[PDB]
Every structure is written in C-alpha cells, then in structure tokens.
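Shown next as structure tokens: one chain only, the form deposited in one PDB entry.
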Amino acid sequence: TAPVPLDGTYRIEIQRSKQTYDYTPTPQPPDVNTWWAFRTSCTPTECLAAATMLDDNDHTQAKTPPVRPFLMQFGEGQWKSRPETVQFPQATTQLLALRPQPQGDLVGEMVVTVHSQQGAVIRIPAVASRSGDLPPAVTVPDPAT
C-alpha cells in the first residue's frame, strides 16, 4: 500500500475548461500544461515528493526565472501538496491533489477555497503524466533535506 514514487519528468495539465464554483460549472478555457521534474524520498512512515518547474518549450532546463519547488505528501491514497495562501481577484488556500491511477499516470484536481464570495470552493480537474526520466541537467531539491 506504499505508493509508486514520483521520479522523472512529469507533465501537469490544469484543465481550467472544467472549473467549477461549488460544484456548479464555470468553464474558463483553455487548459494549461506545465512540466515538472519530480523526485521522491520515503521514510518508513511517509513519502514526500518535490517538484521543480521546467521551461515550457525546453523541458531539459529549469524555468526562468526560478520558481520555488512545491512539495507533495502521499496520504489517504493520494498525493497532496500543502495548502498555501494565494491572493485572488481575496485570500484563498490552493492545493493540488493527484490520485495514482492503476496505469501509471495520475488524475486529481486543484482545490481553491476562498476565505474573503467568501467561502466557496473552486475545483479544477488535473492530470499528470510521466514523460521519461529526469532532465540530467536540472537539480531537483531532495525533499528529505
């Protein structure tokens, strides 16, 4: 029941054409694809994954300017990033949940909970698919550091 580690180049699609506002559809196309270099380190109790953003066209180089890496923790059968406060056209909490599919890719959603329209939950479906190994040029920060 330990998860498959997230290691290699991953393509994340935030499908904003399926965005919902309290389960009621509010489509905002187009979907947005980004590329990330994932590395995973597991202790006997937890598995953590760190992802550094790659450039949009050249996925062998980190994004310019540098973007801070985000972390995911596997628990309750899913990878979930820690909630982070983000300003919205109001203060929100935004996180990414990715559930491993039997096949190898991951399906989940981006969850944006509003705290200041104060209280709704914006859900955007998300897909993550592995695109080969890591870029040997990029250095992904080990989450066990």
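Shifts are known only where both forms have a C-alpha. For the two forms, the rigid core is made up of the largest set of C-alpha atoms that agree within 1.5 Å on superposition. All residue numbers refer to positions in the sequence shown, first residue = 1.
From this point on, the text means the form deposited in another entry, which you will not see here.
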item	value
Threshold 2 Å Cα movement between the shown form and the other one at residue 83, rigid core reference	no
Shift of residue 26 between the shown form and the other one at or above 2 Å (CA, core fit)	yes
Residue 13 C-alpha shift between the shown form and the other one of 2 Å or more, rigid core reference	yes
Pairwise C-alpha change, residue 61 versus residue 15, in that other deposited form against this form - closer or farther, 3 angstroms or more	farther
Closer or farther in that other deposited form, the Cα atoms of residue 26 and residue 31, when the shift from this form is 3 Å or more	closer
Segments of at least three residues whose Cα atoms shift by 2 Å or more between the shown form and the other one, after superposing on the rigid core	2-28
